Ligand SMILES: CCOc1cccc2sc(C(=N)N)cc12
Ligand SMILES: CCOc1cccc2sc(C(=N)N)cc12
Ligand SMILES: [Mg+2]
Ligand SMILES: [Mg+2]
Ligand SMILES: [Mg+2]
Ligand SMILES: [Mg+2]
Ligand SMILES: [Mg+2]
Ligand SMILES: [Mg+2]
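Residue numbers (my numbering), protein chains in the order written: chain A, 2 to 6; chain B, 2 to 6; chain C, 10 to 245; chain D, 10 to 245.
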């Protein structure tokens, strides 16, 4: 999965 | 801590 | 509210203890109680709220993905019929996840967003609104799916519009918003080119503003810039 | 019982799905429902029950230890009085932990142990009884503390007596029982010499029986033997 914050 | 199972 | 009898300051203190103990469901319940006291939240308090619910919903999303993959395998040609149980349990986790999202969105609508006037509070809450609609969109399949996606988009876009007018390009809230809206474009809206363009422009505009920052601010901003680059590497 | 309307086989299937999804509270609730169907549990089912509750109570114990340490620091000379909140929240986690232990002990007493006649079932359940009384003892401070410790000891001792008569010294249930009873001696009963003696004798008697085993059994037994050695290294 791509990075999120 | 010591090991337990 | 089960937290109605607890002092606001005690709820905040216990949220911090729960964080140290990695008790994120408790942390979220304490922060929900603090929000329901009706006062605006400070920067630290807003981040306690977000850390708590992000950990809770993150665990639910990870579990939903495992169960969804099992369900997909159980439905392909040649698979042995295993009964309704996989779907039922995926549905159980999904309903609990939706409940968490609805709770967060409820706190934002009653009444965090309407009282948030400074960019750092209002952008943060609108980012959260976009994030929790995005988590709803990840599991959505019904008549309202397009409306769920558009609700996420609309919240992200309002946050973006404010952030561009009222924050420097290195502001970590602005950066994290852009990171997440870019992921929305890639994973939810089927807009990989928009996702890539947003990540690239955000990174480059932040790079050009780093010279204005102290060492500590530089660390905060470059951390999120690296996540933008990580996604660009994944996508190109 | 909220699981009363679900088929036994469906509860077992969902416990396995919950394990894959790392949803151990759900796993434990499903296995509790399966036990409450009233039938004896197979070997695999007994281990699903134990894996589920061990993960749940393990998280509670870790959280309790964090909170207890904070509370201890807040009570030493020179510390700023932080109010009742640390104690209150430690007490909340402690009460939830005690509730889990009481639930497991309740399943064992109604009626798993009384129907367990084979050594592999009965030793396993008596080991679990000793383990959950040990977790109660870790947090106990009242008039009943010595009785809680003695309940753990008594369950472990009955399990040991059966295991020595009815299982080979390499049996993994027997080994894990001895490992845990040794930790009971060291950490609960203030008997480090008994703990060390038990770990050493268990290890040496298992070593001498490894020659009888297949490759797969050898792997199972040596894994637990290494834990015995790890504890001996920690303690000597
Ligand atoms: C900068 C992003 O979030 C914070 C700002 C300011 C104080 C705190 S304390 C905290 C916490 N996880 N407990 C997070 C933050
Ligand atoms: C040997 C110790 O426990 C098991 C014996 C036999 C089948 C299984 S399945 C399983 C599980 N964690 N799902 C554990 C076990
Ligand atoms: Mg008050
Ligand atoms: Mg659904
Ligand atoms: Mg644009
Ligand atoms: Mg039936
Ligand atoms: Mg107590
Ligand atoms: Mg002896």
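By construction, the Cβ of each residue, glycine as well, lies at the ideal position given by its N, Cα and C atoms.
Own chain, CB closer than 6 Å to residue i, minus 5 neighbours either side, in chain order
i, result
"residue 234 of chain D", "212, 215"
"residue 57 of chain D", "24, 40"
"residue 208 of chain D", "191, 237, 240, 241"
"residue 18 of chain C", "none"
"residue 122 of chain D", "134"
C-alpha distance - residue i paired with residue j, whole-angstrom precision
i, j, result
"residue 26 of chain C", "residue 96 of chain D", "11 Å"
"residue 114 of chain D", "residue 141 of chain D", "7 Å"
"residue 112 of chain D", "residue 156 of chain C", "44 Å"
"residue 184 of chain D", "residue 178 of chain D", "7 Å"
"residue 131 of chain D", "residue 59 of chain C", "47 Å"
"residue 36 of chain D", "residue 61 of chain D", "5 Å"
"residue 182 of chain D", "residue 175 of chain D", "11 Å"
"residue 51 of chain C", "residue 150 of chain C", "37 Å"
"residue 204 of chain C", "residue 3 of chain A", "11 Å"
"residue 120 of chain C", "residue 47 of chain C", "8 Å"
"residue 30 of chain C", "residue 76 of chain D", "7 Å"
"residue 224 of chain C", "residue 92 of chain D", "36 Å"
"residue 14 of chain C", "residue 49 of chain C", "19 Å"
"residue 28 of chain C", "residue 169 of chain C", "29 Å"
"residue 11 of chain C", "residue 38 of chain C", "9 Å"
"residue 32 of chain C", "residue 222 of chain D", "43 Å"
"residue 98 of chain D", "residue 90 of chain D", "16 Å"
"residue 173 of chain D", "residue 108 of chain C", "51 Å"
"residue 34 of chain C", "residue 34 of chain D", "12 Å"
"residue 164 of chain D", "residue 152 of chain D", "20 Å"
"residue 21 of chain D", "residue 5 of chain B", "25 Å"
"residue 146 of chain C", "residue 110 of chain C", "11 Å"
"residue 186 of chain D", "residue 180 of chain D", "10 Å"
"residue 118 of chain D", "residue 16 of chain D", "23 Å"
Same chain only: Cβ atoms within 7 Å of residue i, ignoring 5 sequence neighbours per side
i, result
"residue 116 of chain C", "41, 44"
"residue 79 of chain D", "95"
"residue 227 of chain C", "219"
"residue 158 of chain C", "146, 197, 198"
Same chain only: Cβ atoms within 8 Å of residue i, ignoring 5 sequence neighbours per side
i, result
"residue 201 of chain C", "194, 195, 244"
"residue 162 of chain C", "139, 193, 198"
"residue 106 of chain C", "66, 69, 70, 73, 144, 148"
"residue 55 of chain D", "130, 133, 134"
"residue 188 of chain D", "208, 211, 233, 236, 237, 240"
"residue 220 of chain D", "none"
"residue 171 of chain D", "128, 131, 132, 135"
Outcome for residue i when other beta-carbon atoms lying within 10 angstroms are tallied against a minimum of 16
i, result
"residue 81 of chain C", "exposed"
"residue 139 of chain C", "buried"
"residue 94 of chain D", "buried"
"residue 232 of chain D", "exposed"
"residue 84 of chain D", "exposed"
"residue 154 of chain D", "exposed"
"residue 326 of chain C", "In the structure as shown, chain C starts at 10 and stops at 245, and residue 326 of chain C therefore has no counterpart that could be examined."
"residue 63 of chain C", "buried"
"residue 166 of chain D", "exposed"
"residue 136 of chain C", "buried"
"residue 217 of chain C", "exposed"
"residue 160 of chain D", "buried"
"residue 206 of chain C", "exposed"
"residue 88 of chain C", "exposed"
Interface partners of residue i on chain C, CB under 9 Å
i, result
"residue 156 of chain D", "None at all; the shortest Cβ gap to chain C is about 29 Å."
"residue 31 of chain D", "68, 71, 72, 75"
Partners in chain C for residue i, counting only beta-carbon separations shorter than 7 Å
i, result
"residue 96 of chain D", "Within chain C, no residue comes near residue 96 of chain D; the closest Cβ sits about 11 Å away, beyond 7 Å."
"residue 131 of chain D", "Within 7 Å Cβ-Cβ: nothing; residue 131 of chain D doesn't reach chain C, min ~31 Å."
"residue 81 of chain D", "Going along chain C, no residue has its Cβ under 7 Å from residue 81 of chain D, so there is no contact; the nearest lies around 14 Å."
Neighbouring residues, chain B, relative to residue i (Cβ below 8 Å)
i, result
"residue 233 of chain D", "6"
"residue 84 of chain D", "What residue 84 of chain D touches in chain B: nothing, since even the nearest Cβ is about 23 Å away."
Amino acids of chain A, ordered along the chain, whose beta-carbon sits closer than 9 Å to that of residue i
i, result
"residue 196 of chain C", "2, 3"
"residue 225 of chain C", "Ordered by position in chain A, no residue passes the 9 Å Cβ test against residue 225 of chain C, which lies about 18 Å from the chain."
Per-residue contacts from residue i into chain D (C-beta, under 7 Å)
i, result
"residue 228 of chain C", "Chain D residues near residue 228 of chain C: none, gap ~27 Å exceeds 7 Å."
Partner residues on chain B for residue i, Cβ-Cβ distance less than 7 Å
i, result
"residue 58 of chain D", "By Cβ distance, chain B contributes nothing, its closest Cβ being about 14 Å from residue 58 of chain D, past 7 Å."
"residue 113 of chain D", "By Cβ distance, chain B contributes nothing, its closest Cβ being about 15 Å from residue 113 of chain D, past 7 Å."
Amino acids of chain D, ordered along the chain, whose beta-carbon sits closer than 9 Å to that of residue i
i, result
"residue 166 of chain C", "Chain D residues near residue 166 of chain C: none, gap ~34 Å exceeds 9 Å."
Practice task
Check whether the segment 99-108 of chain C touches the segment 120-129 of chain C, taking contact to mean three or more Cβ pairs, one atom from each stretch, closer than 8 Å.
Solution key: Pairwise C-beta distances place the segment 99-108 of chain C out of contact with the segment 120-129 of chain C, as fewer than three of them are shorter than 8 Å.
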